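This report refers to the structure that appears directly beneath it.
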Amino acid sequence: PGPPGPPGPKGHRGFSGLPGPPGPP
Amino acid sequence: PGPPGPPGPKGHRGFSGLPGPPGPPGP
Amino acid sequence: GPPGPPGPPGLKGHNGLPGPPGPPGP
Amino acid sequence: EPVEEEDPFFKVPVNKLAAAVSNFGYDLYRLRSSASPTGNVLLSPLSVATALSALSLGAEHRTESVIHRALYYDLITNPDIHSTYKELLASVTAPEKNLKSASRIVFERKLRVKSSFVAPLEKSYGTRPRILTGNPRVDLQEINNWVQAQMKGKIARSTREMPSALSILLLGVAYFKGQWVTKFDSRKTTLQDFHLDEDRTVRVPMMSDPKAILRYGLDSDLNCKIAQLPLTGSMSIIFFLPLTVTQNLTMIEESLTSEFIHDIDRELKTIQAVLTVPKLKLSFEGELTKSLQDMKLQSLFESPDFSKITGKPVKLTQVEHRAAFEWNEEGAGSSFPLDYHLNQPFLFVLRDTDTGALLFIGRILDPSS
């Protein structure tokens, strides 16, 4: 037999959020 | 028995980031 | 004996950083 | 355009890194010696530079670039400099070196530290970060316990409580009690004068070897004579002894680099000498924070970019150094003459022969203190 291996690494970090909305005129 | 297995596979990419805050005002 | 199986999937990756602030307003 | 080859000694990577970190060490000793015109200066800057270079792991380009510049890494070419550093640290702390040197990174309480930073830190530098608790009495005791364990209880415990506004503290401790290659005979250690200056004098116990054997060199431009004594485990102390009796060591001190020290070791000549060395036992407990600041390192103290450590805006706030240092008659055995009397202000440097690393440096204006 054999034992299951270790869990894999944590995934890549998510994409960064988009640039926020424009300001007030 | 036998040896431990390989490292499991890599997790998924994380949640996308929250949108940025509103920009500054301008005359 | 035979090599054990691969492990379970890794955990989901970290949250994306907050986006940058907007352009200056009109 | 063609040029002579570099000295083969500095072409070894661990030696090239030992010279870089040692040159930071000579820069720091100059600011320490210049910032205090009386008293001894005892200093083992390797533990400080080790703590600095480890912290550069969690530093992002623009401020890791400032730590690399102060550590003379920007002159070195090396794909994996941190693994050469692991190599370097395992040489100079081996058991026959008799040198104990430990570095620690101490963080503000309740800080989540990316393990992207703990992992390399732990492979190259063999240390684990210290997350403070907020209980100041017990935080003090944990570090006094960690120094006590890393230094086999040979440094004293701080009475001082760490400051309330601690973001990133850096601690370097070091201890040395070596073994001469040739013993000094205890029976000829006598009390004799040591001249603090031309007028003032003190009696200190000076070991003696009236037919000693050593490597010697009289430097006529720096107005001092230089002798080199060998230590067990392939180390040596190089003394700097001015001709006049003067506490002005400024021209010697202005010239100390690893390449200057190395050319001395190349050109010293073996002689017989009437040698007297005083007994030396000293301690230092002190914050080197300001000397680092005017080492073009002040940016580390105001919005630095340690994003690979944590997302919290952290900042270097303290740099603490303890050091204890001793020599006595003890050694391994018994293995016209010239005068070499260390009964006046003198510099000494403890050098590792294999890598050329600076392990300790001292300015003895007074072996009484």
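Labels used: A, B, ... for chains in the order of the structure tokens, numbers from 1 for residues in each chain, and numbers from 1 for ligands as shown.
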Mind dumping a table of every chain B residue within 8 Å of stretch 1-14 of chain C, with the nearest atom pair and its distance in Å to one decimal, using only C-alpha atoms, sorted by chain and rising number, as CSV?
```
residue,atom,partner,partner_atom,distance
B:1,CA,C:1,CA,4.2
B:2,CA,C:1,CA,3.8
B:3,CA,C:3,CA,4.8
B:4,CA,C:4,CA,5.0
B:5,CA,C:4,CA,4.1
B:6,CA,C:6,CA,4.5
B:7,CA,C:7,CA,5.3
B:8,CA,C:7,CA,3.8
B:9,CA,C:9,CA,4.9
B:10,CA,C:10,CA,4.9
B:11,CA,C:10,CA,4.2
B:12,CA,C:12,CA,5.0
B:13,CA,C:13,CA,5.0
B:14,CA,C:13,CA,4.0
B:15,CA,C:14,CA,7.0
```
Next item on the list: May I have the residues within 6 Å of residue B:24 as a VMD selection string, using only C-alpha atoms and disregarding those fewer than 6 positions away in the same chain?
Entry: (chain A and resid 23) or (chain C and resid 24 to 25)
Write out, as a PDB file, in the first residue's frame, the residues just selected, with C-alpha atoms.
```
ATOM      1  CA  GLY A  23     -14.277  61.646  -9.009  1.00  0.00           C
TER       2      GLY A  23
ATOM      3  CA  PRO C  24      -9.728  62.846 -10.822  1.00  0.00           C
ATOM      4  CA  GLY C  25     -13.150  64.032 -11.412  1.00  0.00           C
TER       5      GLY C  25
END
```
Margin query: Just want the 7 Å neighbourhood of stretch 23-26 of chain D, counted on only C-alpha atoms, with same-chain residues fewer than 4 positions away dropped. Output as a ChimeraX atom specification.
Written below: /D:19,30,45-46,70-71,256-258
Write out the residues from the selection above, keeping N, CA and C atoms, as a CSV table (one decimal), in the first residue's frame.
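Result written to part.csv:
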```csv
chain,number,residue,atom,x,y,z
D,19,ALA,N,33.5,39.7,2.8
D,19,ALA,CA,34.2,41.0,2.7
D,19,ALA,C,33.1,42.1,2.6
D,30,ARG,N,33.1,52.8,12.5
D,30,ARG,CA,33.5,54.1,12.4
D,30,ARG,C,32.5,55.1,13.0
D,45,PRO,N,29.7,43.3,14.4
D,45,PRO,CA,28.7,43.8,13.6
D,45,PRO,C,28.1,42.7,12.7
D,46,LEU,N,28.6,41.5,12.7
D,46,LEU,CA,28.1,40.5,11.8
D,46,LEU,C,26.7,40.2,12.1
D,70,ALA,N,23.9,49.2,1.4
D,70,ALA,CA,24.6,49.4,2.6
D,70,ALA,C,25.4,48.1,3.0
D,71,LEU,N,24.9,47.0,2.4
D,71,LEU,CA,25.6,45.7,2.7
D,71,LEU,C,26.7,45.4,1.7
D,256,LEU,N,40.2,51.2,7.7
D,256,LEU,CA,39.8,49.8,7.9
D,256,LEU,C,38.8,49.5,6.8
D,257,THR,N,39.1,48.5,6.0
D,257,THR,CA,38.2,47.8,5.1
D,257,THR,C,38.6,46.4,5.1
D,258,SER,N,37.8,45.5,4.5
D,258,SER,CA,38.3,44.1,4.3
D,258,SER,C,39.5,43.9,3.4
```
Next item on the list: Check the DSSP output for the backbone and give back, as an MDAnalysis selection string, the residues of stretch 73-259 of chain D in helix (DSSP H, G or I).
Entry: chainID D and resid 81:92 95:97 115:125 136:150 186:188 250:253 258:259
Margin query: as a list in words, please: the residues near residue A:21 (cut-off 7 Å, only C-alpha atoms, same-chain neighbours under 6 positions excluded).
Written below: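 Using only C-alpha atoms, the neighbours found are residues 21, 22 and 23 of chain B; 22 of chain C.
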Please write the residues from the selection above to a file, keeping N, CA and C atoms, as a PDB file, in the first residue's frame.
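Output file part22.pdb is given in full below:
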```
ATOM      1  N   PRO B  21     -11.482  52.712  -4.818  1.00  0.00           N
ATOM      2  CA  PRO B  21     -12.399  53.755  -4.366  1.00  0.00           C
ATOM      3  C   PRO B  21     -12.523  54.859  -5.414  1.00  0.00           C
ATOM      4  N   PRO B  22     -13.559  55.681  -5.299  1.00  0.00           N
ATOM      5  CA  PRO B  22     -13.733  56.918  -6.261  1.00  0.00           C
ATOM      6  C   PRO B  22     -12.641  57.751  -6.240  1.00  0.00           C
ATOM      7  N   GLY B  23     -12.323  58.346  -7.388  1.00  0.00           N
ATOM      8  CA  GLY B  23     -11.202  59.263  -7.490  1.00  0.00           C
ATOM      9  C   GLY B  23     -11.458  60.619  -6.848  1.00  0.00           C
TER      10      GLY B  23
ATOM     11  N   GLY C  22      -9.870  55.932  -8.436  1.00  0.00           N
ATOM     12  CA  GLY C  22     -10.218  56.402  -9.767  1.00  0.00           C
ATOM     13  C   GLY C  22      -9.390  57.558 -10.306  1.00  0.00           C
TER      14      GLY C  22
END
```
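Counting from atom CA of residue D:222, the distance to atom CA of residue D:255 is 8.9 Å.
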Next item on the list: Give me the residues within 7 Å of residue C:16 as a PyMOL selection string, counting only C-alpha atoms and dropping any in the same chain fewer than 3 places off.
Entry: (chain A and resi 13-17) or (chain B and resi 14-17)
Would you output that residue set with C-alpha atoms, as a JSON list (two decimals), in the first residue's frame?
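selection.json, freshly written:
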```
[["chain", "number", "residue", "atom", "x", "y", "z"],
["A", 13, "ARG", "CA", -3.50, 35.33, -5.65],
["A", 14, "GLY", "CA", -6.55, 36.75, -7.39],
["A", 15, "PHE", "CA", -6.39, 39.54, -9.91],
["A", 16, "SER", "CA", -6.34, 42.97, -8.36],
["A", 17, "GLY", "CA", -9.54, 44.97, -8.38],
["B", 14, "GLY", "CA", -8.16, 33.48, -5.63],
["B", 15, "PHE", "CA", -11.13, 35.81, -5.74],
["B", 16, "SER", "CA", -10.56, 38.95, -7.79],
["B", 17, "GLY", "CA", -9.91, 42.15, -5.91]]
```
